[PDB]
Amino acid sequence: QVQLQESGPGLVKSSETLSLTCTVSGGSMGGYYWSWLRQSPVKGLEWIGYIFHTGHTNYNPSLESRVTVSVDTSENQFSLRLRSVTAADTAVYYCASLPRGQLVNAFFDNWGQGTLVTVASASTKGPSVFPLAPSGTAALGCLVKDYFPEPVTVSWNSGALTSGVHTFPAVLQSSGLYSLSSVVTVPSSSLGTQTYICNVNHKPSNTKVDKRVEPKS
Amino acid sequence: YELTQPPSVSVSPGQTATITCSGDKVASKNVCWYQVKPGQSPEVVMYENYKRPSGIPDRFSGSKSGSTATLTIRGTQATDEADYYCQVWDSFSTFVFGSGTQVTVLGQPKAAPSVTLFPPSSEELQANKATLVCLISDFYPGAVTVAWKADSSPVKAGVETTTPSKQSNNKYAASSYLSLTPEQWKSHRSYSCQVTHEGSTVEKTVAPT
């Protein structure tokens, strides 16, 4: 009847310009406000902006300065440009529809899938590793910081230490970079005996890092 | 601004899940409800406070009293497990949505989170930068709020937090990084990581020795 579907790039470098498109199936660009929204954690779900077949635009004021939305009545598409993106703009973008006229009780309908957009660093970079010193088991770890892209593989003592090891998923941070931690739980009877070493391997940057972990004071 | 709704809300299957969209502006204007799931087009599950769109299960029930909107699910089922957002029209922002509510249907037996907090390292401090690592593991369901505390008063900036990821043992794991300047760390008496899962909240505390 009227189904919408959006195309996007997926991965985008920081400070470059994000351009998304949405396609309408069948019906003309009639009594509808063609809308763009986005959803994520942190920022939740927010409305980006809508546009009418005439060219009339309405944007989110907090985003109005950067946002630009367009129509192509000819091709049956409508588009979004964002201008200068950051890792905070990393979210799932949706194209949807509003009905022309009254807006007080209106809701968006005929949503898209839509398209996950990840904004990250423009350049490949190796991680920086730092020891997580411990205090009948105690836990010690390795911290890999500020790297791109994924993935990074962490092993302990060349893979000789396997038990009690848990490597957490990474965080995409405002820098457009990733960072994760890998923690092993070990006998408190240990320490001062049996050295613990974090082996970090980040292939895209030819980075390999071995780091000794042991308590201080 | 996003008015207010609880982050979590969970239920055993068939139990009744109640979500609250409250926040002042909710008196002037009518409220609708959207559900959101990954790899799937979100849909209106409510509009005009109480009205029931097409093809939407009768079990959902929607109401509004005073300055508080409410989406009730009634006999909830695994399909309903999603993120629910509350929407209200506004004159200038054109729209305002909710903080979001992650309705979770169990599932498995519940599990309290195991938390481990690591202070900034010497090597990192010598390289200026400082970072605090709060690690949360083995908890169910996958819904945890993480707040940070300088001495004992919440921290706004430099907080990054993963979304909970399922691990091999079917439980969830999440991590939270609090980024700090050197002086920042030794200045305050201590720093604290505070993770509240379901009803309970547990706290881990560290100091610059």
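Identify, please: which residue in the range B:67-94 is surrounded by fewer than 22 Cβ atoms within 10 Å (Cβ to Cβ) and among the aromatic types (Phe, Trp, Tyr) and is, among those, farthest from the other protein chains (Cβ to nearest Cβ)? Only one residue tops the list, namely B:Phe92.
If the condition is being within 11 Å of chain B (Cβ to nearest Cβ), more than 13 Å from B:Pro119 (Cα to Cα), outside any loop (DSSP other than H, G, I, E, B) and hydrophobic (A, V, I, L, M, F, W, C), then the range A:104-138 contributes A:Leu116, A:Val129, A:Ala138. Taking the stated definitions as given, is A:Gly49 buried (at least 18 other Cβ atoms within 10 Å of the Cβ) and either in the same structural domain as A:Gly112 (by CATH) or not β-branched (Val, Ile, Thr) (or both)? When the stated conditions are applied, A:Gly49 passes them. Given the structure, is B:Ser137 assigned to a loop (DSSP other than H, G, I, E, B), within 10 Å of chain A (Cβ to nearest Cβ), of a type outside the set (A, V, I, L, M) and over 16 Å from B:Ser187 (Cβ atoms)? In short, no. Inside the range B:168-203, residues that are surrounded by 17 or more Cβ atoms within 10 Å (Cβ to Cβ), within 14 Å of chain A (Cβ to nearest Cβ) and not hydrophobic (A, V, I, L, M, F, W, C) make up a count of 6.
Selection within the range A:44-77: residues that are within 9 Å of chain B (Cβ to nearest Cβ) and of a type outside the set (S, T, N, Q). The member of this set that is nearest to A:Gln173 (Cα to Cα) is A:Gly44. State yes or no: is A:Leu80 in the same structural domain as A:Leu20 (by CATH) and closer than 30 Å to B:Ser28 by Cα? Answer is no for this residue. Here B:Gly23 clears all of (1) within 14 Å of chain A (Cβ to nearest Cβ); (2) surrounded by 14 or more Cβ atoms within 10 Å (Cβ to Cβ); (3) on the phi < 0 side of the Ramachandran plot except the condition numbered (3). Checked against the criterion of being buried (at least 20 other Cβ atoms within 10 Å of the Cβ) and of a type in the set (A, V, I, L, M), the candidates A:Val171, A:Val165, A:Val183 yield just one match: A:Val183.
Quick reminder, even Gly has a Cβ in these numbers, built from the backbone with ideal geometry, and neighbours come from all protein chains shown. What is reported rests on the model, the rules as stated and the sources as named; no laboratory instrument gave them.
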